[PDB]
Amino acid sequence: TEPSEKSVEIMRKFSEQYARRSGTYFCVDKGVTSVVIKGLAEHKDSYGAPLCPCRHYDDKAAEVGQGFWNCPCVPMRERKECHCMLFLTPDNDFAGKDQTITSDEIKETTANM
């Protein structure tokens, strides 16, 4: 149920790198950021790809194979739309000013979850 720290650290480093590269910022609620990253890590553990954690699927193996919802999802790559509020454009009312999130931030924010 809980993702390994190897997958969390991979997805944490990807999200920092994808945020600068897309010109997007993490949400002012950094709990959203940490939770979503952990959800990507858990899906990567169970299916080998970071399937989106804010979608419900009928066939997760098929979704991973087609790739539409493998993070970064098609909507984020093409339209910069991220509905898990992981990558937010600066004009978003919930966009913060950080493009970094330390592994310590994820550990204290997701504590007792």
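Numbers follow the displayed sequence, beginning with 1.
In this PDB entry, the Cα temperature factor of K44 sits in the top third of its chain's modelled residues, the highest group.
For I106, the recorded CA temperature factor ranks within the middle third of the chain's modelled residues.
Among the modelled residues of its chain, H56 has a C-alpha B-factor that falls in the lowest third, as given in the PDB entry. The entry lists a Cα temperature factor for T89 that places it in the middle third of the chain's modelled residues.
When all modelled residues of the chain are sorted by CA temperature factor, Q17 is found within the highest third.
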